[PDB]
Structure formats: C-alpha cells, structure tokens
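Just one chain is shown here, as structure tokens, and it is the form deposited in one PDB entry.
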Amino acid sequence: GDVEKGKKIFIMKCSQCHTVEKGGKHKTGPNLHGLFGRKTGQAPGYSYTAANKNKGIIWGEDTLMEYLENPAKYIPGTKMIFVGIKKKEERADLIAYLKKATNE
C-alpha cells in the first residue's frame, strides 16, 4: 500500500478521533500506537465501552481489513453514534461545496 495516500485517508477519516504516535493522547477514540499484534480493547489508559473488550481478537492487517470493510457489524453503539455525527457534518460540508463549485 501507498503510505502517503494512507496518511491522507487517516487524517480525513480517523485523525479527529485517533492519534497514532507513541505516547499520543487518547481523544474520542484510543491512541493506536502499538496496535498491530495487540488484542482488542488493550490501549492503556483508555476507557472502552462494553463492546470491544469482549472480543479476544488480535489486531492486524487482516482484522483491520475486515473491520474497515463492514464497520457496522463490529463497532459498538457509542462509536456508531460518534461516527454518524461526523458523517452527517461531512455530508453537509460536501453538499455545501458542491452547490458552490458546480454553479461557479
């Protein structure tokens, strides 16, 4: 994969709620440093909600791929609400941009 494009994807779609760097802060979501090979729900200092902890799954390329591919199946209600809030704002911003750009 192209890490430079992946960086832009991460900024746009995740960085509002997650940091990746060693010792980076917990925000809406947990810091993700050390994620690869860690069991779900094991970021130190982050208060997970009921669903995430009870998996027994190890994060890696393949589990991330399945996670991202059908998030609704696996994300808990809390994150679903936060994500839906961000997606509603993104839609309104996109439509705002389109009504400007396509009529300029």
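Shifts are known only where both forms have a C-alpha. The numbering used is simple: start at 1 and walk along the sequence shown. Basically, rigid core = biggest C-alpha set you can superpose within 1.5 Å across the two forms.
A second form of this protein, the form deposited in another entry, is not displayed here; the remarks below concern that form.
> Picking from 79, 38, 33, 53, which residue has its CA shift by 2 Å or more between this form and the one not shown, once the rigid core of the two forms is superposed?
After core superposition, the single residue displaced by 2 Å or more is 79.
> Comparing between this form and the one not shown on the rigid core: C-alpha of residue 8 shifted by 2 Å or more?
No.
> Residue 93: with the rigid core matched between this form and the one not shown, does its Cα shift 2 Å or more?
Result for residue 93: yes, a 2 Å-plus shift.
> Comparing against this form, do residue 52 and residue 78 have their CA atoms pulled together or pushed apart in the other entry? The difference is 3 Å or more.
Relative to the displayed form, residue 52 and residue 78 draw closer in the other entry - a change of at least 3 Å between their C-alphas.
> Thinking of the 3 angstroms or more shift, are the C-alphas of residue 44 and residue 86 brought closer or pushed farther apart in the other entry than in this view?
Farther apart in the other entry, by 3 Å or more.
> Once both forms are aligned on the rigid core, what are the runs of 3 or more consecutive residues with C-alpha shifts of 2 Å or more between this form and the one not shown?
Core-superposed, displaced stretches are 70 to 72, 74 to 104.
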